[PDB]
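Asks:
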Amino acid sequence: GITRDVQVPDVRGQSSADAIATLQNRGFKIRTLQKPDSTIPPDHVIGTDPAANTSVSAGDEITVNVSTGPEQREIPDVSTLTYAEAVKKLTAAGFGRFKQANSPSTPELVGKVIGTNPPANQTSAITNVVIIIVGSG
């Protein structure tokens with residue numbers, strides 16, 4: 355037959371703790387899912403899971419998606435191959451902050467990227483500014 359299923363209001367616009375408390379008060383169980391990412395939402399609740407707006411039994415389980423910190427990635431040495439490669443491939447790797455600089459190099463490297471200013475072998479954040487250095491002399 356039917357049981358008592360109700361829809362539970364979202365705690366969007368408040369912190370994850372606010373959501374946790376509100377659901378807890380109603381008897382709902384909450385699971386907090388956190389991810390470090392490139393496409394990071396704030397630690398506050400901006401959105402919720404459909405399960406909340408769906409009519410569910412009071413005391414169901416609501417997953418709260420929260421993100422803690424932007425992810426970091428190691429810089430692949432593809433920069434040295436082509437300027438286009440450096441910017442685009444690093445964007446594909448997640449990076450979204452670039453700064454171009456040029457450094458005087460031997461004519462044999464003119465027009466080629468000689469690397470990055472920050473160490474490429476280092477794991478840099480998505481929001482970290484990668485300074486791409488082009489060899490020009």
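Throughout, the authors' numbering is defined as the position within the sequence shown, counted from one, plus 354. Think of the CB as a built atom: it goes at the ideal place given N, C-alpha and C, for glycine as much as any other residue.
#1: Assign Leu387 to one of two classes, buried (16 or more other C-beta atoms within 10 Å of its C-beta) or exposed (fewer than that).
#2: Could you name the residues of the same chain whose beta carbon sits closer than 6 Å to that of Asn471, not counting the 5 residues immediately before and after it, in chain order?
#3: In the DSSP assignment, the alpha helix (DSSP H) including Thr376 goes from what residue to what residue?
#4: Is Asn456 helix, strand or coil by DSSP?
#5: So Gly491 packs on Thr434, CB below 8 Å; how close in whole Å?
#6: Where do the ends of the beta strand (DSSP E) carrying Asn419 lie?
#7: With H, G and I counted as helix, E and B as strand and the rest as coil, what does DSSP make of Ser433?
#8: Spatial neighbours of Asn419 within its chain, please: CB distance less than 6 Å, with the 5 preceding and 5 following residues excluded, ordered by chain position.
#9: Return the CA-CA distance between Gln426 and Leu463, expressed in angstroms with no decimal places.
Replies: Considering the structure as presented:
#1: exposed
#2: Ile485, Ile487
#3: 370 to 380
#4: strand
#5: Going by Cβ atoms, the distance from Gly491 to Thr434 rounds to 16 Å, so no, they are not a contact pair.
#6: 415 to 420
#7: helix
#8: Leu387
#9: 29 Å
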